[PDB]
Structure formats: C-alpha cells, structure tokens
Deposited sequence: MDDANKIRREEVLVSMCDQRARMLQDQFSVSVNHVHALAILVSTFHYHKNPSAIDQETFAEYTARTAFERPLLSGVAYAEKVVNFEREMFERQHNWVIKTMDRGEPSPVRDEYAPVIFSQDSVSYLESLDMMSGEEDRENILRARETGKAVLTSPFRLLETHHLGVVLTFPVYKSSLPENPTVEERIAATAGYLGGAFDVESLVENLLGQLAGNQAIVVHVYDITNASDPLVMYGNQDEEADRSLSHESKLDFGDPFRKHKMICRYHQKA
C-alpha cells in the first residue's frame, strides 16, 4: 500500500527488467558473432579449400557440437545462391530438386533461388528448400547481400514449429568481391547465405522462466521499427496496468528497432 514501498516496488521492476533486457541483448550478440564465424567457416573450408571440406555430415557435426555457442538460435543452415540459368545443373549435381517452403513442392521458375545445402539437424527440414520462397527470408537475403552485414526479419511464425521468432541472415561472398565494394559488386559476388532461426517463443521463455522472480513479472518484447505499427516479438495477458518499465534492446541491425516492456502481474 505505502508510498515508500511503492518507490521500492518500481525500483525492483526497473532492475529486473533492465537485467532481463541486458541478458537478451548479450546472448543475441553472442549468437550473431558465432553465426559470423560459421559464414567465415563456409567461405574458408567449402569455397576456398580445393576440394571442399564441408559436406552435409560435416556441417551437421560441427554445428551440433557448437550449438552452445549460439544460445538464442534453434538451428543454422547455409543456402547457396543459384541463378535460373544454373538450376538444372545444380539439381543434377545434388540429385534433388529445389523446393518451395510453403509446400515442399518443386519450385516454379524464378530468376534466382537460395536452396539450403547444409543444415544443422535441428532444422534438417530446410534441406533443398528455396529460402527466397518465403517473404521474410527473401527480404532478409537481399538486405544481407546488399549491405554485407547480419540482418534480422520482423517477427513471424517459423517453419515446422510455427513458433514466433526472427531469422538472422549473413551473406557469404566469393573471393572475387572487390575491396570497398559497391552494392552491385556485392550482389555479383554473392555465394550464399548463412541463416539462423531465433526461436524467441521457446528460447526466450526458457531463458526468462529460469530466473528468480519470473512469476512476479510479465515481460513483452516488441519490434518497433515502424512506430505506428508495433509488432509483438515475445509475450502475451492480465498484468498491472498502473506501472510499467521500458528497457532498451539493441539486436544489432540498424534497420530494426526493439524494446522490452515489463509489468507486475499484480
């Protein structure tokens, strides 16, 4: 009841919320950094090395053993850029046809595709799917290759699990990429895309649910890239309407903006 006890109640909410936001941001940063390393791994060991040291079995083993390096990711995979002129060749060599993600059916003719050729076993269902056949993934692929940096999607429901999450995509370039490249040069030099699924729904719940005081607090995360159209990234709910705190979150993609809001159940 007391006004003095209310000041401390807010102080505790601020502290709890700020700590959770720091944990989320730090663990995502750690995961992005290890995805960057995987992109370098594919470049060095698959493309640069003659012959390639990476087959599906090798990729699966390495990513399984390093899963702890990528705490907020449910799986990683590598999609190769295939232009239509090359598609029949690519399919004959791999002995499978490029499929659409919505039904796993053979892809119709498209100018280019991004079929998954290597996958962590946790996302084995991605193998042979054209990652340009989902709009969130397609937009991510384009912005990754044009900018040279890790990029994030808006929140959407992921394949197979239908869990609400975001996808992280990094470009992989050919050795022909010029120094100080233009966007056009980046596109021309694109080899493929290293993608990771941030399963926010399952993995952020797991992270938050183990923390002391979790039952006292309601935590929501929003994508606020468009101020007038906030999108739920994490969270549902009967909460305390009188008091809230907003904690800062920076997931590292300047194209996107996010925030965390905590309230008491009370």
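What portions of the deposited sequence, indexed from 1, have no corresponding C-alpha atom in the structure?
Missing C-alpha atoms (numbering from 1) occur across the ranges 237-238, 269-270.
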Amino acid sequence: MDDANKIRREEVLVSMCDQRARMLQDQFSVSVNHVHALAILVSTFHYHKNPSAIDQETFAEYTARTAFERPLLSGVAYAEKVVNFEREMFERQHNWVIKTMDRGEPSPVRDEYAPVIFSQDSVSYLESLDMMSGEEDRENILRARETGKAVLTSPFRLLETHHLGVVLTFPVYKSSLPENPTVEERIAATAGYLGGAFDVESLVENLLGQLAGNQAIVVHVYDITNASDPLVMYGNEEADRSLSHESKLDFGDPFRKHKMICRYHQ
From here on, numbers count along this sequence of modelled residues.
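Take the two forms, find the largest set of C-alpha atoms that superpose within 1.5 Å, and that set is the rigid core.
After a core fit, does 44-52 or 60-68 show the bigger CA gap to the shown form in 6 other deposited structures of this protein?
If we average over structures and residues in 6 other deposited structures of this protein, the farther stretch is 44-52.
Core-aligned, RMS over all structures and residues: is 211-219 or 33-41 the stretch with the greater C-alpha displacement in 6 other deposited structures of this protein?
Once the cores are fitted, 211-219 deviates more in 6 other deposited structures of this protein.
Say whether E237, which has coordinates in the shown structure, is without coordinates in a third or more of the other compared entries.
Across the other compared entries, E237 is absent from none.
Please work out which of 170-178 and 188-196 has the higher mean CA B-factor as recorded in the PDB entry.
Here the higher of the two C-alpha B-factor means belongs to 170-178.
Looking at the deposited entry, does 50-58 or 205-213 carry the larger mean Cα B-factor?
For C-alpha atoms only, the mean B-factor is higher in 205-213.
Which is it among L41, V218, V35, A64: the one with the largest CA B-factor in the entry?
By C-alpha B-factor in the record, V218 ranks first.
Lowest, middle or highest third of the chain for the C-alpha temperature factor of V109?
CA B-factor rank for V109: middle third.
Based on the entry's values, in what third of the chain does the Cα temperature factor of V116 lie: lowest, middle or highest?
Lowest third, going by the recorded CA B-factors of the chain.
Among the modelled residues of its chain, does the C-alpha B-factor of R87 lie in the lowest, middle or highest third?
Answer is lowest: the recorded C-alpha B-factor places it there.
Pull the Cα B-factor of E135 out of the PDB entry and bin it into the chain's lowest, middle or highest third.
As the PDB entry reports it, the C-alpha B-factor of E135 lands in the middle third of its chain.
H94: which third of its chain by C-alpha temperature factor?
For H94, whose C-alpha B-factor we compare with every modelled residue in the chain, the answer is the middle third.
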